[PDB]
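Engineer: One structure follows; several queries about it will come next.
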Number of protein chains: 4
Amino acid sequence: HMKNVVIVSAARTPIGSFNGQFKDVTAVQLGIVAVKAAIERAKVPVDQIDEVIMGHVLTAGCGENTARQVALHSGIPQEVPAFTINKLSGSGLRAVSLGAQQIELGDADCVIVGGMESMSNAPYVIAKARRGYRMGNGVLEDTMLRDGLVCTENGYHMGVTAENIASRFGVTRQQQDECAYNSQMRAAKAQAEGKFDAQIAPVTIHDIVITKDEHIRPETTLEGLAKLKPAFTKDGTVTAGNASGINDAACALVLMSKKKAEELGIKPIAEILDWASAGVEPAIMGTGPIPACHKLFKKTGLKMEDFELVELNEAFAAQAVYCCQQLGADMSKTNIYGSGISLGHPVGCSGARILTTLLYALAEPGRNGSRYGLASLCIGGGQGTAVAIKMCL
Amino acid sequence: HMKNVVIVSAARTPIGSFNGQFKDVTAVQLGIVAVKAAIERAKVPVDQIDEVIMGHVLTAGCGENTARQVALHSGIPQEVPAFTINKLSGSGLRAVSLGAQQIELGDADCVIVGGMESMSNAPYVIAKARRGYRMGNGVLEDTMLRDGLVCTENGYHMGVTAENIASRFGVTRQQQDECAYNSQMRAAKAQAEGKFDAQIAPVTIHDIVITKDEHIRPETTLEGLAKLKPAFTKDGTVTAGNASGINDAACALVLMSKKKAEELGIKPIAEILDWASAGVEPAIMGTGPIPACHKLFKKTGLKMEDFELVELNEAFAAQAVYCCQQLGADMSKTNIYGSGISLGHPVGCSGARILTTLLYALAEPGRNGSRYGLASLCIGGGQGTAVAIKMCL
Amino acid sequence: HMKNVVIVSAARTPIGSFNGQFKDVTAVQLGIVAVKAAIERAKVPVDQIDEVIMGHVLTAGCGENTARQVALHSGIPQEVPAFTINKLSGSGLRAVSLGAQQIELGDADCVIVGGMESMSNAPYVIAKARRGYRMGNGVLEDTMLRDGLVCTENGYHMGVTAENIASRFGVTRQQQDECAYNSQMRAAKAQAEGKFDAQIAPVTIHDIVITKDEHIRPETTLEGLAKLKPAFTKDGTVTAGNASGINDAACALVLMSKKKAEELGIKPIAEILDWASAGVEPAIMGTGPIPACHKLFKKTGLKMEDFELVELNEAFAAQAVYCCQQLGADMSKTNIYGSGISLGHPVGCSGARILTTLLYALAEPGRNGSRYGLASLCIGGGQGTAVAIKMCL
Amino acid sequence: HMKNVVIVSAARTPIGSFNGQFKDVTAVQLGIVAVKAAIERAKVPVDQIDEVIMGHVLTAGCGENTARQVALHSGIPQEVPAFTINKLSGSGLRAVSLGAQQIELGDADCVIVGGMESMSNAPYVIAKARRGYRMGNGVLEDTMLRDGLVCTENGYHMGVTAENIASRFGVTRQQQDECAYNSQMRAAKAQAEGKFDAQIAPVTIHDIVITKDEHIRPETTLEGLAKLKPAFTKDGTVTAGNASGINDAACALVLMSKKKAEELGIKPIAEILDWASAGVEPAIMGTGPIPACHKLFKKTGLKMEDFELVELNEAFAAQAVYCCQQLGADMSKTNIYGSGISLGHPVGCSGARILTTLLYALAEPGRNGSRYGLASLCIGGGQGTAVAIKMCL
Ligand SMILES: CC(C)(COP(=O)(O)OP(=O)(O)OC[C@H]1O[C@@H](n2cnc3c(N)ncnc32)[C@H](O)[C@@H]1OP(=O)(O)O)[C@@H](O)C(=O)NCCC(=O)NCCS
Ligand SMILES: CC(C)(COP(=O)(O)OP(=O)(O)OC[C@H]1O[C@@H](n2cnc3c(N)ncnc32)[C@H](O)[C@@H]1OP(=O)(O)O)[C@@H](O)C(=O)NCCC(=O)NCCS
Ligand SMILES: CC(C)(COP(=O)(O)OP(=O)(O)OC[C@H]1O[C@@H](n2cnc3c(N)ncnc32)[C@H](O)[C@@H]1OP(=O)(O)O)[C@@H](O)C(=O)NCCC(=O)NCCS
Ligand SMILES: CC(C)(COP(=O)(O)OP(=O)(O)OC[C@H]1O[C@@H](n2cnc3c(N)ncnc32)[C@H](O)[C@@H]1OP(=O)(O)O)[C@@H](O)C(=O)NCCC(=O)NCCS
């Protein structure tokens, strides 16, 4: 295991709906809210920060190296280096494990990690404006599809990759809608019971102060879902009611060496034990969590049943159900407060977001299980990434 | 310092000029050429590759997670994961150190690292086409400037940060042009004497085979540079003649553990010793190599004089002269075959590119210096990154 | 004056607001509605139609020669020719006089005239996409401003030409708002009392049937207008409240020789007597009706006092008040049911639209004035055009 | 016949190739060259001008009412009114007959008529930038096709309408290429013999002075043409060698009443006798000249064989051959100096251009035929327009 890496804080913005409450807010701006919050919760002096690593997928028109922009505007000294990564939906979680690597090697004693995404403000592009089209029409490309949600390999939406999982693996419409229903009910109940209150950092729009995850649909019913029309294929199983949302949010965590945390008198929340990534066939990219988790299990000597709580992102109900079946997930310990379907899925953010939700869930009074947590998600182009943690108490 | 990381191969495409010989080729296409070449030169079985990490800055419209596209189309199994990283001009060098970190930690035994950029095919963006402009003009933004060459913090060009270095630190027009002149002459001579022949991997365009760096200008004279008008400020010192080019290329290296290389019968070319990044004031971003190298020296106990050869990227002569002065570079051992001014500067590629040139330079018959190599470059937003190598012989 | 030209029918669509009830409908679609209605009201056999002339300003992206599209989709034989005409806000009125000229000369016995505009669907233009921008930002131009509402000569808005009239000729903010207020009240009352019912041709949207002018604001008060901020200049007088609307509509009339009407058994509604256009200084374009009407008076021997009703388009209250003062209008006989401020101003349509409103107004039971009608409007680039009619009874 | 209308002067710019010699010159700017020249050749005092009427097809991004822009910048007083028309390729010739109508009715004693077109600078548009695309791609529309060269009715290029003429009417490839060959040879010989010298007005590009029609191909051969690949349909007959060019030019004529010309001591060049337009099936829009000419013949009592010279625009060789066959054209009197194929076809200009070429041809010493001239062209959407003249001597 990594032996020297702890999480000392975490924070996420509310999750906005597509063209919703954060439509007038950049990914950088959401990123700043989250990082400022993470720094304050850790009580880390900003001159102890060694690096900032942020996932961000849809970067067109956002300006230079968005991680660096966020850092400079969260009160982090200009002397601290920063870079941005893209592993699509894996981005925010691979940012965390890259940061953990920095600390475990002794290249850093404190790293800010996270992810951000404003899918609302992914722009449109034209490919041939530099040297000209000469004659004939061109395409006005939605970068959220071109550079995000469309499989570059196959030329179809991620939602078709979900239908592939449905076809090949026999995940029925009823199963998908059941998963979707449970996710909404869980998210609604969690919200109403204050389960998200502490982890959320409010976003002030200069004024309106946004505190609530706006994508949850508490009025969701099994019958309502069954009426919906397929979204990606005619006579399909995947709908808008059982696919993840398109959303806007950011999320950040402060990582530290054990020795640095001790020196600053900062209480460690959790250790990071290890991480893994793995590739799969792009056409069934939803399966990525399965080899990613297996690899993580071989590196750590853990098994699925050892985890007290598990976050496996719901990109599509077809995907989430298949992953949970094959890994032998306990659904009473997996995605307990909803996930991508209910809360939403801002793609560069979600990897750090699910780790943040896991951490706060496991930190709650009365959690006296194994104290191990697992986070994993699927990734367009056919990948998965995962991280194991153990709470410190 | 790192004890277990070796470079076993390196390759780069030739470097195209802006809107030049690679205008019809994508970043991803160049990446594939470089990665295939690196793999062939290593003789590494593709099922021994653990991860791919590629730097790439101007990603708008290029499709999903371009490192993954490159891997899949270079014959690497779908099971291998990949991610893309943006540290502007640092990207390709930071990709190398991130990959080294994988191996040093034992998370991987073989990683593909590098970078790629097609500045020619960076698209134009429309910011408010999703929810509408309503009334009134918008901006058609050139992503190469918005997301690349314009300082998001100051809102002026990288060239103006070059002027700032000239203002504050008194690097004169004449000094800038001498540097530029020597760069052009060094590159011309190197290209004529065959110095780049082995490192270059030819690009086939469907048939034309491209084998040569396009951007070098052997006709350059001190008297010609002196007549050029300032490109960034009225009555300025920075000109198209003493500024790096805008360019297209890709570059890749194969890294391995010493153990895996020994297992496979593959001979190491160089050890990676260590790395360092650092931040500076965005307005004088060109100063970034100075703290990055000092931090690297502090981590390794090396000094500038210990290097046999040095690659410090010439983003602008003003910047390069200042860094070399401040670091006490021996110009007979620094940038001996030219650099960004002459060879060109495809921003996401250059960090790996300079390391490949350094490696092949030090590997020439007749070299018998320290066998230590230094690569560093400056970064928009005020950063530097650096790597130290030692040839294996 | 003309001795052989009669109007036998007229129809207009309701007038939509900007991005309003007709946002999903093309100019051509509205044109078809109006032309079909006009043809049905005339009872003219379509094989008796000799030509179609339609005004239309913002034609970008609408396809080929839109008058011809309208004719073909209104059931007019392919054998009938058509052309489109642009005199900005004059277009639809100049279309009428051009058609009258056909008949007076004996080149035609029956012509379809009118105008159409969908300011909502005027597109955005990219100027250098054919041969390339090469490097550097461009402009995404709103064609409604570029090709419509911005003075190409001065490079400022039509609203600023309105300010110029206020500066030079001292039409005060209070005067502007009184005009605007009376316009809104006149239109509200007219619409409520059924005045527009017969002239309007309903628009079916595939089902929604649209029958009502959208833009009127019956809640307008002198006190409300007085609180509005200037829309075109800092510390100006012209506001969104005392300025014409941006709007969508179409309007058509059927013109015939007296001989053909008598042959077909079709009863004439009005004679067209004559027409006139004139130019003025672009910077005070709102003054255009003054020389156009004087030239018309000179050609006809009529005077302002001889008209029973007058339509002088309210492009801006500043402009309308100045014209009415200079021409000695009787405001109890001028714009009696509102005009551009209240009903709205779809620029290529309005010239025909005001003539249709004038015609139906004078045709009301109980009218027993001179039976002479005057229509005129101002034109960007510094023009006016006018038509005089006399009802047949 | 019209009895009171004469042409007192004419002028045209050279005709530029697509993205050629006038690529950096607007339609307005070419228009100004032509109008200034026409005014000077007439020696008409500018305060005797009553109206300006200019054809112009592709008006996107050109600014307000381009006829008015041209007038103001050709030294015509601001008091003179102007409008722009669009009848696609008919535009420039219908402008002439509309102007003649103004004079014959006694509404004007002097009118400037013409046409202009910069097909090079027709821009690209996006249809849904005002209210947004929300999600998914859009189209970047080439307005030269959308609003120009594509049949809006059928959704295919004008070149397909030419293939329709070829299919239905049996105009072979060999016939088309023969027509094309003859057109090039005629144009080359005419140019080389100075036949275009007087009519051309030189265009100074601020410096290079352009005097030559640049589209002519004197190296054209029957064999060369036979090698060319179809341009519009697979296994088609229509090629780039036998279709009109895409081009840039302008052209203007001064018209006057007989009485006004006498008063000013301006010698009339030709009388305009009459005009006609007619519609046809859009799919065979090339046939438009046939009914247009027939109608003109019935109005005038002229027959085809009465014309000393004839201009029938070559939009496509298939079109021109069919029109000439059906009208019984003498090819030794028809298109004697080439036409659309050789000289080019700037669409809003060509209608006035062919009348200008006709007028100068008939004015040459040694032309002592009937003194009657005919001009006619086809029009997308299925129309034709024609004008008859008689030289005065
Ligand atoms: C599926 C998708 C295309 C739908 O997007 P959308 O149409 O913008 O979605 P909306 O939230 O507006 O919902 C669409 C409709 O579905 C219905 N709907 C959605 N969720 C529902 C629910 N829980 N119950 C009932 N109806 C529901 C609604 O009727 C809604 O229309 P309405 O609210 O205007 O009446 C989009 O969410 C998507 O692509 N998701 C996947 C994202 C993804 O691939 N991420 C990466 C994965 S690795
Ligand atoms: C400086 C810059 C704007 C020049 O762009 P450009 O104008 O397209 O450059 P070109 O190579 O076409 O040079 C323009 C002219 O300069 C002249 N020129 C350039 N190098 C010359 C040399 N060595 N000798 C003589 N003249 C030279 C030429 O006249 C050339 O015109 P040409 O086409 O007739 O040869 C651009 O190179 C730039 O922005 N560079 C910096 C990139 C950067 O910031 N990277 C990131 C660093 S962190
Ligand atoms: C003036 C102009 C810029 C206003 O455009 P806009 O801002 O889209 O106009 P809106 O109708 O949305 O008005 C903006 C605000 O003004 C206020 N307003 C407008 N008319 C009002 C009235 N009668 N009473 C009170 N408030 C009024 C409202 O607050 C409105 O906001 P809302 O949406 O909450 O009602 C535009 O109408 C214009 O350019 N007009 C002139 C067109 C022209 O030049 N034509 C050619 C003439 S030759
Ligand atoms: C047919 C059309 C699409 C071709 O446009 P284009 O490809 O840009 O044309 P070019 O002038 O570049 O010629 C294309 C190729 O044809 C060949 N060519 C053209 N004319 C030739 C000739 N006379 N002899 C030999 N080769 C010829 C050339 O090889 C040329 O390629 P190259 O010169 O680079 O070797 C275009 O001219 C067109 O659409 N014309 C019709 C316009 C129209 O419809 N107007 C309205 C009518 S109502």
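Simple scheme: letters A, B, ... for chains in structure tokens order, numbers from 1 for residues in each chain, numbers from 1 for ligands in the order shown.
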Quick one: residues within 9 Å of residue 131 of chain B, only C-alpha atoms, excluding same-chain residues fewer than 2 positions away - as a list in words?
Structural biologist: residues 19 and 120 of chain A; 128, 129, 133 and 134 of chain B; 129, 130, 131, 132, 133 and 134 of chain D
Engineer: Name all residues at most 8 Å from segment 42-48 of chain C (count only C-alpha atoms; drop same-chain ones fewer than 3 positions away) and give them as a list in words.
Structural biologist: residues 8, 9, 38, 39, 75, 76, 77, 109, 110, 254, 264 and 266 of chain C
Engineer: Quick check: residues of chain A within 9 Å of chain D, only C-alpha atoms, returned as a PyMOL selection string.
Structural biologist: chain A and resi 19+120+124+126+133-146
Engineer: Grab me every residue within 6 Å of ligand 4, counting only C-alpha atoms and all ligand atoms, and send it over as a PyMOL selection string.
Structural biologist: chain D and resi 89+149+158-159+217+220+224-225+231+239-241+243-246+315+378-380
Engineer: Considering only C-alpha atoms, return as a ChimeraX atom specification whatever protein or nucleic-acid residues lie within 12 Å of residue 93 of chain A, sequence-local ones (same chain, fewer than 6 positions apart) excluded.
Structural biologist: /A:53-56,85-87,99-100,113-116,251-253,272,274-277,311-313,347-356,374-379,384-388 /B:83
Engineer: Counting only C-alpha atoms, which residue out of D:301, D:279, D:344, D:31 sits closest to residue 316 of chain D?
Structural biologist: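 Ranking D:301, D:279, D:344, D:31 by distance to residue 316 of chain D, first place goes to D:344.
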Engineer: Find the residues around residue 178 of chain A up to 9 Å (only C-alpha atoms counted), leave out those fewer than 5 positions away in its own chain, and share them as a ChimeraX atom specification.
Structural biologist: /A:173,183,222,225,242,317
